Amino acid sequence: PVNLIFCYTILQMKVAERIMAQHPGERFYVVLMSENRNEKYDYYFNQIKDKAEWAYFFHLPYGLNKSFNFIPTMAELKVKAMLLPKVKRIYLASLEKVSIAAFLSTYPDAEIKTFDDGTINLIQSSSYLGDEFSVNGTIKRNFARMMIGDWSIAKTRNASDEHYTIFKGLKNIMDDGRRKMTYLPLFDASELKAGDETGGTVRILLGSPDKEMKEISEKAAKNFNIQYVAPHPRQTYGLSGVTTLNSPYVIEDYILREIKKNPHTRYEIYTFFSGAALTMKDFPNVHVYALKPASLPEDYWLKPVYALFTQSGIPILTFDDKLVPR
């Protein structure tokens, strides 16, 4: 049970020290946010870093703060004023209307437009009222409560007149009658000259970013005879007995480049319900399968996941991972 202290000046750090010294029995995490760093800032930061359970120094880009902690001279006012970019329009993910609300408010005349955060935009508002999310005190209830509040603020504050979605024919939580919905297809699969699948079959597993899925992933590769794994961008551990594809690309861009080079190859993509199944479903010579390991509870994935996959015509394969050695 901790106390937070946020500072953006040296004198504020000195106030933080006095507050901490008067509460010697309490835990403190202290964050300094500053556009300046030098031995004076460091000296006082290190003093706090010595007294606090945890301390972090965010070293910000110059000019982010349009107000003033001190009383400005006309010259300081004039410099700040004419430093400030003129902003006609802001584009951001729909939930960044929540997390960067405060910054949006400083450009009330800017036109605002949003785009999908990710597959979180595919859960419609009613689903958060589902029984799955209505046991009190559960992690699932708190998640839904958080999401209901965030979508409400994203939809009703700082009016934005347009929303870009990358998902064709799937209802968006941002489709609420307050804005224009625009389909923006990310991936051009038109110029590939794909032909009949008369070459080999290449099987790729989509890596999970979660280390706990490691054993189930290795078993999937063995079970379905998958030679390759495309690691998740946030994935940080390795799979054994599978060849890892090392590439700067995300899987969709990697696969487009492969289809063009290999227009007769059958590509099969195996995934524990990755959003990539939804962006790739209509790529030529690409065949996507979701894997549902039997050793996981049925509710390991939220119910809207299963509905979205079957609505998208993606097969869901029950995989008896416990029948696979190691």
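Numbers follow the displayed sequence, beginning with 1.
Which has higher Cα B-factors on average according to the PDB entry: 291-299 or 269-277?
Mean CA B-factor is higher for 291-299.
Compare the mean C-alpha B-factor of 235-243 with that of 107-115 as given in the PDB entry, and name the stretch with the higher value.
Per the deposited B-factors, the answer is 235-243.
Tell me which of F70, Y62, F28, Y44 tops the list for C-alpha B factor in the record.
Checking the PDB record, the top C-alpha B-factor among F70, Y62, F28, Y44 is at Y62.
Checking the record values for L192, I173, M146, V229, which has the greatest CA B factor?
Most elevated C-alpha B-factor of the set, per the entry: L192.
Quick one: classify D161 as lowest, middle or highest third of the chain based on its Cα B-factor.
Lowest third of the chain for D161's C-alpha B-factor.
How does the C-alpha B factor of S94 compare with the rest of the chain: lowest, middle or highest third?
As the PDB entry reports it, the C-alpha B-factor of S94 lands in the lowest third of its chain.
Going by the CA temperature factor in the PDB record, which third of the chain does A220 belong to: lowest, middle or highest?
Answer is middle: the recorded C-alpha B-factor places it there.
Tell me, lowest, middle or highest third: where does the Cα B factor of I153 rank within its chain?
Middle third of the chain for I153's C-alpha B-factor.
Comparing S134 with the other modelled residues of its chain, is its CA B-factor in the lowest, middle or highest third?
As the PDB entry reports it, the C-alpha B-factor of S134 lands in the highest third of its chain.
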